[PDB]
Peer 1: 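This is the structure I have questions about; it appears just below.
Reckoned from all heavy atoms, side chains included, excluding hydrogens, waters and symmetry mates. This chain uses plain numbering: 1 for the first residue, then up along the sequence. Start at 1 and go down the list; that is how both ligands and their atoms are numbered.
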Amino acid sequence: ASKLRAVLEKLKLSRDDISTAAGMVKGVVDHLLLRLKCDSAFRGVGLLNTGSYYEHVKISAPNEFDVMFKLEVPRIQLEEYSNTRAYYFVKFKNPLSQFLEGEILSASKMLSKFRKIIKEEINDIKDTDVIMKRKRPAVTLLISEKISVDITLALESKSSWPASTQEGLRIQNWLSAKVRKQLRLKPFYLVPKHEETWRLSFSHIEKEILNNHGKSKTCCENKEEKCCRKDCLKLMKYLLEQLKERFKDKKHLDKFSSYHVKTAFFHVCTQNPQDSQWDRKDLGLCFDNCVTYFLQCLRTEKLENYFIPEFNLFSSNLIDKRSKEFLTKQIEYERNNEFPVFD
Ligand SMILES: Cn1cc(-c2ccc(F)c(CNC(=O)c3cc(Br)ccc3O)c2)cn1
Ligand SMILES: [Zn+2]
């Protein structure tokens with residue numbers, strides 16, 4: 001636990017210090033935003049959080065940025081695909097008309113114009129050299145030679161969340177019912193990727209919980225109630241990242257993302273709603289409990305999506321047991337040796 005705060009300390013003195021990347025990424029995103037608004041099918045495109053041109057998926061490499069473009073779709077009609085609970089067909093009741101296939105909205109057609117427009121504005125820049133990669137995040141730019149930006153297009157609906165989210169977000173005992181209501185009055189977002197099916201994105205709700213995360217309204221506003229909810233999250237993610245880097249060559253960890261680690265983390269927060277159970281001085285315990293809960297989801301092949309509870313990110317179909325037994329192998333090995341992968 002003395003070693004964990006060393007790691008947290010290291011990450012900060014790399015988050016913090018001066019780096020021109022923001023300017024380069026700011027200058028390219030606002031060019032794109034304009035030329036995007038130029039075209040009718042994207043006239044409403046905008047950043048999911050202005051002034052937040054900076055969101056880093058990867059907490060180790062701080063040269064890899066990731067921003068999301070929203071585009072409202074009024075009068076949406078949603079249709080759940082194949083009893084999946086999580087994936088849907090997008091329909092209507094129209095600027096996006098050039099992208100349909102019958103009553104159904106095609107993500108392929110829609111990204112394909114999103115991409116081609118972007119590939120065009122990028123050579124309007126003799127300021128910075130910008131390059132677009134082919135895919136296999138909708139679009140990825142390499143700015144100069146170090147920085148890379150992952151762009152994501154997301155439909156936005158201001159109507160209330162899809163029926164599958166009803167018993168979800170069980171934060172009543174921790175953040176409170178009246179907060180849960182507020183958050184569910186926020187819009188929801190749909191991003192592609194199986195059919196032309198879309199799925200919900202809740203990065204905006206995650207962020208809000210994280211900036212206001214205690215049962216106490218004054219959690220982390222003074223010395224007397226500093227917790228370690230965020231710290232346990234960063235460590236969970238850094239664990240998975242570093243592991244994924246290790247076996248970037250093999251294919252064993254390709255099915256895991258930061259979001260399996262956020263999902264399991266918020267579950268713990270729901271099991272442990274008191275700030276007294278996250279005191280900044282129990283950081284070693286609290287992290288261990290997180291490690292133990294993640295693991296337990298791996299073994300039992302059960303980890304409920306935090307927002308759509310009948311949807312199991314670890315079901316034997318979504319990720320096969322062989323790779324979950326491998327992820328178990330390395331994390332357990334790290335925890336038994338005080339986490340050498342952190343260096
Ligand atoms: C990266 N990735 C995501 C999915 C996915 C799939 C199905 C599905 F229903 C959802 C719903 N999103 C979340 O649960 C979510 C939870 C947190 Br915590 C923060 C943001 C989020 O968007 C997501 C697949 N790959
Ligand atoms: Zn706190």
Peer 1: To which protein heavy atom is atom 21 (C) of ligand 1 closest, and what is the distance rounded to 0.1 Å?
Peer 2: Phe202 N, 3.3 Å

Peer 1: Heavy atoms only: which of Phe307, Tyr306, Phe311, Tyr87 is nearest to atom 17 (C) of ligand 1?
Peer 2: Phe307

Peer 1: Return the closest protein heavy atom for atom 9 (F) of ligand 1 as residue, atom name and distance.
Peer 2: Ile308 CD1, 3.2 Å

Peer 1: Would you say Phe266 contacts ligand 1, with heavy atoms under 4.0 Å as the rule?
Peer 2: yes

Peer 1: With a 6.0 Å cut-off on the ring centroids, do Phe89 and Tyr81 count as close?
Peer 2: yes

Peer 1: Tell me if a side-chain donor or acceptor on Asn336 pairs with a main-chain N or O of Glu332 at a distance below 3.5 Å.
Peer 2: yes

Peer 1: What residue and atom, counting heavy atoms only, is the protein's closest point to atom 11 (C) of ligand 1, and at what distance?
Peer 2: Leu200 O, 3.1 Å

Peer 1: Quick one: look up the protein heavy atom nearest atom 19 (C) of ligand 1 and list residue, atom name and how far away it is.
Peer 2: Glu206 OE1, 3.5 Å

Peer 1: Can you sort out which atoms of ligand 1 are near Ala86, meaning under 4.0 Å from one of its heavy atoms?
Peer 2: 9 (F)

Peer 1: Would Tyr189 count as a contact of ligand 1 if the rule is a heavy atom under 4.0 Å away?
Peer 2: no

Peer 1: Please tell me whether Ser52 and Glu55 have a donor and an acceptor in their side chains that are separated by less than 3.5 angstrom.
Peer 2: yes

Peer 1: Side chains of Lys58 and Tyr238: do they bring a donor and an acceptor to under 3.5 Å?
Peer 2: no

Peer 1: Have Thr218 and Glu225 got a donor and an acceptor in their side chains that come within less than 3.5 Å?
Peer 2: yes

Peer 1: Indicate if the distance from the Zn ion (ligand 2) to the nearest N, O or S atom of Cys220 falls below 2.8 Å.
Peer 2: yes

Peer 1: Is any N or O atom of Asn305, backbone or side chain, closer than 3.5 Å to an N or O atom of ligand 1?
Peer 2: yes

Peer 1: Of the protein's non-hydrogen atoms, which lies at the shortest distance from atom 1 (C) of ligand 1, and what is that distance?
Peer 2: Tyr259 CD2, 3.7 Å

Peer 1: Out of all atoms in ligand 1, which are within 4.0 Å of some heavy atom of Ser201? Include the element for each.
Peer 2: 22 (O)

Peer 1: Side chain or backbone of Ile205 under 4.0 Å from ligand 1, or both, or neither, by non-hydrogen atoms?
Peer 2: neither

Peer 1: Walk me through whether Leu239 and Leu235 qualify under side chain to side chain contact (heavy atoms under 4.5 Å, CB included).
Peer 2: CA-CA 6 Å; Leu239 185 40; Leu235 289 150; over 6 Å; no

Peer 1: List the steps, then state whether side chain to side chain contact (heavy atoms under 4.5 Å, CB included) holds for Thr263 with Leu313.
Peer 2: CA-CA 9 Å; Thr263 281; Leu313 338 177; 3.9 Å; yes

Peer 1: Which atoms of ligand 1 have any heavy atom of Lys262 under 4.0 Å away?
Peer 2: 18 (Br), 19 (C)

Peer 1: Heavy atoms only: which of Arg85, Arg199, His260 lies closest to atom 6 (C) of ligand 1?
Peer 2: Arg199

Peer 1: Check the pair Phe92 / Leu100 against side chain to side chain contact (heavy atoms under 4.5 Å, CB included), numbers first and verdict last.
Peer 2: CA-CA 10 Å; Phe92 290 102; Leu100 287 173; 3.4 Å; yes

Peer 1: Give the ring-plane orientation class for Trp161 versus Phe202, where under 30° counts as parallel, over 60° as perpendicular and anything between as tilted.
Peer 2: tilted

Peer 1: Does one side chain, of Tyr189 or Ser203, offer a donor that lies under 3.5 Å from an acceptor on the other?
Peer 2: no

